[PDB]
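Structural overview for review
Chain by chain, the residues run as shown.
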Amino acid sequence: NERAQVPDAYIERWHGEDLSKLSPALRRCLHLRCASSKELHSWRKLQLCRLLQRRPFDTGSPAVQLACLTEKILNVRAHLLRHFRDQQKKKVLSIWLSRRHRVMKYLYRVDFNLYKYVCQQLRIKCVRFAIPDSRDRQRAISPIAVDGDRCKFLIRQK
Amino acid sequence: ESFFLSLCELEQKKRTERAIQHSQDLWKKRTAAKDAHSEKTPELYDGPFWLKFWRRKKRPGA
Amino acid sequence: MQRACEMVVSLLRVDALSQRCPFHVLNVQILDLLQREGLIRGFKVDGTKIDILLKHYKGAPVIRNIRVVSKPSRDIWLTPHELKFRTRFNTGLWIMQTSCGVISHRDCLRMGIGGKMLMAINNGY
Amino acid sequence: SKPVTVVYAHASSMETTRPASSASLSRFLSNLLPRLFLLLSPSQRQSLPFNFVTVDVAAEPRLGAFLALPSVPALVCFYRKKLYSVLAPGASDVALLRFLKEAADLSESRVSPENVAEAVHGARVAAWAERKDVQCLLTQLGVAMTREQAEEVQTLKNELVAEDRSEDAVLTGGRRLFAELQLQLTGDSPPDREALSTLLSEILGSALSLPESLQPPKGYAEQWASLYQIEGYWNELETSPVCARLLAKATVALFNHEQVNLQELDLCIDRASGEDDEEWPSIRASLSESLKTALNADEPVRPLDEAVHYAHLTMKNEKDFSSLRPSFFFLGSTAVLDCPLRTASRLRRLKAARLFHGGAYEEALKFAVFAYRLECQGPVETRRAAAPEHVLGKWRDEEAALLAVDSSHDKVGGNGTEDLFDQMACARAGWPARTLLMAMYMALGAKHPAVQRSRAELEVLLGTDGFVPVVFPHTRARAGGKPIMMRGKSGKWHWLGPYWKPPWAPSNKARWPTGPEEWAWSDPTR
Amino acid sequence: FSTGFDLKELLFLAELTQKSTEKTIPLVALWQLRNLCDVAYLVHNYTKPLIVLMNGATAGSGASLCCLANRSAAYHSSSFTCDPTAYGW
Amino acid sequence: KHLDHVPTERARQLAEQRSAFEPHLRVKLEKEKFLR
Amino acid sequence: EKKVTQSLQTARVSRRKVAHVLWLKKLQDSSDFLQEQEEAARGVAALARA
C-alpha cells in the first residue's frame, strides 16, 4: 500500500514555467497520477537525493549513492511480491544488497559524523566497523536485515 | 641600479603572458568538443555480435 | 611487489626490439642497475607504461635466463656470510635490496650488510 | 516601433478568375476589424494596437518555407520577433474574436461587451469578451523583460500578479518570488541585508545555509510519506540558467555593508600592507567606529547551494592531527581585527562588492584573485607573476632552487581556524576566500570573456598550469556469470541472453569497420 | 646546436666582478672559464676517432665541439654563425 | 592518485609548445639521390 | 573550477528541455477533439452565470 501511494507532484521536473504553455486538458496527462511505474520510481529518487545533495548535479558522492541504492532495493522487493515465478531476478537482488554493505564500510572511515546523520533521516540501523566480524553466524552481520526499522518480517528466524 | 636583477624581471613577466594566452585557447576548444557530443542522438551499435569471444583458451596445464 | 615480477616476461624475448612494461616506482630503480652492467640498451617512461629496448649480439639476446627468487607471498633473506656460499664460481647477477637503496650482489658483500635476493640474471643452477 | 506585429497570410493569386475562399475572408475581416477598434486606408492603420501586415504565400518561395504553414489562409501573430499561437482555418466565429482580443493585450478605445453582439452581427451583411487578462499572458511578458533589466515597468507587472485573486499559486508562484529579488538588486543604494534574508528563506526552504547574523529568532502511510516531502523550489535553479544566475548575484552582494565610506576605504588599502608587521599604531589607531563594525560582520562561509539541510552538523571527527602546522594566522586571538594578515584580506572583499554592483566587471575579478592568493600564498604576493622555478614536489627537482629558500617557504596559508591541509581531508569545510570567488563565475557565466580570462589566470598565478592527471584502468572482472541456456525441450536462458558483450571483447570500431551504409537510417529513435 | 656558454651566464660574472673597487675576480668567475679549456683540449687530443655532425644551426661561438674534433662532418642542414664583435666578447 | 606528478608523453609535449608565443612537430622524409 | 562546469551543465539540460516543449505543442494543435470539448465547456460557464 505504501509503495502504491501517489503524491501531488510532477515528473521530469515539469515546473509551472513550461506547463503554462499547455492546455488544462493536456496537463492532467503529465500529473503523477497518470504516470507509469518507471516515472513514479524516478521521482522518489530525486526527492531523496536533494536531501543529501552536496552540490547541484552530483550523484556520485557516497551520501547520494547510499540513498539511491536504498530505493532500488525496495523497488525490486515489491516486484517480487506480485511476481513469484521470476527466479532470474533473485540473484540480482543479492548483488545490490552486498554492494550497499560495502558503501557503508568506506563511508564510515572517511566521515563518521555524516554516517550517523544519514541513518537517522532514512531510519537505517547504524552499524560501526571497528573490529573484524567473527565467523560465527549467530553473531555475524546480516545485510538482509539492514532496514530492520522499515521491515519487521525479515529480522531473524530459528 | 642592477643590470642582472632587472633581466630576470622581464623574463618572468613575458613568460607569464605566454602561458595565459595558451591556457585560454586550450580551454575554449576543450569545452567546445564536449558540447557537440551532448547534443546528438546516441549511436546504436549494428555490427557483428560477440558470439565467438565468449569462450577462451588460456594456458594449458598448471 | 607484484609488478616487479611482471618484467621478466616482457624483457625475455628473442624476436623483438622493444617491449612495454607497467609503470612502477620500484621497477624504475631496477632498470638502472641492469643498464650499468650493459644488459639493457635503454628505457623510457611513456606515461602509464615504460618502453624498454632489447640488446642483441650475433642474433642471440644478451639475456638468456631469468630466475625470480623473491615472491609477493614470501621473503628470502641471507646473511652476509651465507650469500657467498650461494653465489660462488659464477658470473651471474643477483639483485640485492639493502637498506641503503638497491645494489648488486658484489657490492652487498663488500659492505657486509644483510640484503635481500630479488631476482637473478644470467644464472645457471 | 510596435512590439506586436500581426501577419495575415493568404493566397489570392490563384483566385484572380474565380474567388472561392481567399476573398471570402477578406470581405468579413476588413469590415469587422474597424468596428472593434473604431488593403486598408493609411489613416486607420495608425490607431490600431498592432502592426497589420499582409503577405502573399504564393508569390514568394523564400517566405513560404520560413512560416511552414500546413494550411491556407491562416493568421499568424508575432511579439518582439518571436513565434506565437497560430489560428487554424475553419474555426467558429468565437475563435476569431479570441485571437484579436489577445493580440491587443500583448502590446499593453475598445468596444464594451454590451455592444459586442451588434458589431459582429452587423459586419456579416457585407457579402469584447468579459474575461480578464490571461494567466499565460502575464507570465510570457515577464520572462522576456527580465533580460532587459527594467526599473519602472517591472514593478507594475509584479504588483498585478497578486491582488484579490489568490487562485493560481502552483504556476505563477515560482516567478513571483524571483521577480521581487531583481527589483531589490537594481537600486543604486546597497540592498537591505534583512530584506534579502527573509526572501531567500522561502526559495531555499531552510535557514541553515544563511549566516547566523541574519537567521530568524531562535500511521504507517503517514510517517513514511513525509520522507519524500522537500520544501524548496529546486526545479527553478536546475533547469533554468537564467533563474539560477540571480542566485549567485545575492551571494556577492551579501558581503557588502551599510556603514561604509568610499574615500576612507580607499586610503586604508595602501597603508595596511599585510606584511610581517603587527599593524603599526598608524593604522590601528586610525580606524573609526563605522569600519570596525563592518570588519566584524558575519559572512557566508559556504555557498547557498552547499549544505542546505545539514550545515549545522559538526565536523569535529573529520580532521587530521599534525604537530607541524606553521601558519601566519597567529596573534593570540581569533578576532579579525587582531591579525595583520586577516585585516588586509578583508578590505579587498569590501571593494569588490561595490565595483560589481556599480557595473565594473573586469575590475571586480582582480580583487577576488588578490584576496584568494593573499591568504593562500602568504604575505608574498606583490610579485604578480608565475612562480620563480620554486614549485617543489615535482619529479627530478633541481638542487639549485632548494638552497634558495628557507623555513619561510614551509609556512602554509589558509584561514584563521583551519588550514589548507584540513580542507584536503574534510570536503565540507570551507572559508570565505573561496566562496566569494566561486560566486562570480556562475553570476557572469562560463563563456564570458572576462570570466574565461580570469579562470586561466588563476592556473598560471598558482604555478600549476599544464597538469596532466594519471589514472590506471580498473579490473575487467564484473558481477554475474556467463550466459547459460536451460537444458531439456524447453529452450530458455538462465542468466544472460545472446546479446551479451564480454569484458575482454575488442573495440566496436575494429569489429565493424564498414560502419553505417548509405541507405541506413541516421536516427535510430524508434 | 651547442650555443657555447650563452650570454646569460656572462652577465652575472661582469656585474659581480666590477662591483668591488679592487676589481678582485671571484672564484666562481674563474671556475667556469677554466672548465671550458679542458673540454676543448680533450677533443683535439683524442686518442681515438671522434665523429660529429652539425644537424642544427650554430649561433655565436658554439662550433668548438665540431671544428676541434678529430673527424668533423657537416651536411646541408648546417650553418656557421660567429659575430663576437656585436656582443663585445 | 590523479593529482600525482608523473612525467608522461603528452605532458612534456605541451611544455615545449607553451614556450612558442602565438615551432611545432615536424617530420623528414628519406633522401633519395640517384647519384649514389 | 568545478563551479564553472555547473553553469555549463544547466545550459546543456536547458536546451534539451526546450526541444521537448515543441513536440507537445504539436499534439495540441493537431488534436481536434481536445479543442472541441474545451470550447464547449467555456460557453456553458458564462451562460449559467448570466
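Residues numbered from 1 in each chain as written, not as in the entry; some residues may be left out. Chains lettered and ligands numbered in written order. Part of a larger assembly, values for the part shown. Heavy atoms only, no water. Residues with missing side-chain atoms left out of burial classes, pairs and counts.

The deposited coordinates derive from cryo-EM, with the record listing a resolution of 3.29 Å.

Moving on: the packing of aromatic side chains. Residue and element names in this part refer to chain A. In the structure shown here, the tally under the stated rule is 15 aromatic pairs over all chains. Between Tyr108 and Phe129, the aromatic rings sit 6.4 Å apart at their centres with planes inclined by 75 degrees, giving edge-to-face as the arrangement. Within this pair, whereas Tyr108 is found in helix α5 (residues 88–110), its partner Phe129 is found in the segment after α6 (112–122), the two being separated by 21 residues in sequence. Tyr108 gets classed as buried once you look at its relative accessible area, which sits at 16%. (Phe/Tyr/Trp six-rings, centres within 6.5 Å; stacked < 30°, edge-to-face > 60°. Helix = DSSP H or I, 4+ residues; strand = E, 2+ residues; numbered from the N terminus. Buried < 20%, exposed > 50% of the residue type's maximum accessible area, 1.4 Å probe, protein only.)

When the eleven pairs of chains in contact are ranked by number of contacts, first place goes to chains A and D. The closest approach of any C-alpha atom in chain A to one in chain E is 51 Å; the two make no contact. No part of chain D reaches chain E; the closest C-alpha pair between them is 15 Å apart. (Contact = heavy atoms within 4.5 Å.)

Moving on to the pairing of strand β3 (residues 49–53) of chain C. Residue and element names in this part refer to chain C. Burial of β3 is one-sided: the residues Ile50 and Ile52 facing one way are buried, the residues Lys49, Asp51 and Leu53 facing the other way are not. Two strands pair when backbone bridges link them, and strand β2 (residues 43–45) and β3 are joined in this way by three bridges, in the antiparallel orientation. Looking at β3, one finds that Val45 is bridged to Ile50. Following β2, the chain reverses through three residues before pairing antiparallel with β3; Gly47 in that reversal takes a positive phi of roughly 100 degrees. (Pairing = 2+ DSSP bridges.)

For the rest of this paragraph, the subject is the side chain of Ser206 of chain D. Mapped onto the elements, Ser206 of chain D comes out in the loop between α8 (193–204) and α9 (220–223). Once residues within four sequence positions are removed from consideration, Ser206 of chain D is found in contact with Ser201, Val308 and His309 of chain D.

Contact residues are listed per partner, giving nine residues for chain D and twelve residues for chain F. For the chain D and chain F pair, buried surface summed over both sides reaches about 930 Å², with 66% attributable to carbon and sulfur atoms. Among the residues chain D hides against chain F, the three largest losses belong to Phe467, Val468 and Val470 of chain D. Together they make up 51% of the total. The interface formed by chain D and chain F contains one salt bridge. A salt bridge links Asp465 of chain D to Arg18 of chain F; its shortest N-O distance comes to 3.0 Å. On the surface where chain D and chain F come into contact, there are two residue pairs in polar contact. Counted by class, the side of chain D that touches chain F contains six nonpolar, one polar and two charged residues. (Buried area = accessible area lost by both parts, 1.4 Å probe. Salt bridge = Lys/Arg side-chain N within 4 Å of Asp/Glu carboxyl O. Polar contact = N/O pair within 3.5 Å; in protein donor to acceptor, adjacent residues only side chain to side chain. Nonpolar A, V, L, I, M, F, W, Y, C, P; charged D, E, K, R; others polar.)

It is worth spelling out the packing of helix α15 (residues 362–376) of chain D against helix α18 (residues 432–441) of chain D at this point. All names here are of chain D. Contact geometry of α15 with α18 gives a least axis separation of 9 Å together with a crossing angle of 150 degrees. The orientation of α15 relative to α18 falls into the category roughly antiparallel. Handedness of the crossing formed by α15 with α18: left-handed. Contacts from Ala364, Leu365, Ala368, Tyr372 and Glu375 in α15 reach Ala433, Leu437, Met440 and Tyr441 in α18. Here the residues of the contact of α15 with α18 are counted per class, giving eight nonpolar, no polar and one charged. (Axes fitted to C-alpha atoms, helices over the stretch in contact; angles between N-to-C directions. Parallel < 35°, antiparallel > 145°, perpendicular 65-115°, else oblique. Left-handed = near helix turned anticlockwise from the far one by under 90°.)

This model, assessed by the stated rule, comprises 36 salt bridges over all chains. When the shortest N-O distance is used, the salt bridge between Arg373 of chain D and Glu381 of chain D registers 2.7 Å. Each member of the pair, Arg373 of chain D as well as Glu381 of chain D, carries the same accessibility label: buried. Overlapping salt bridges bring together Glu2, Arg3, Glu71 and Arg150 of chain A as one network.

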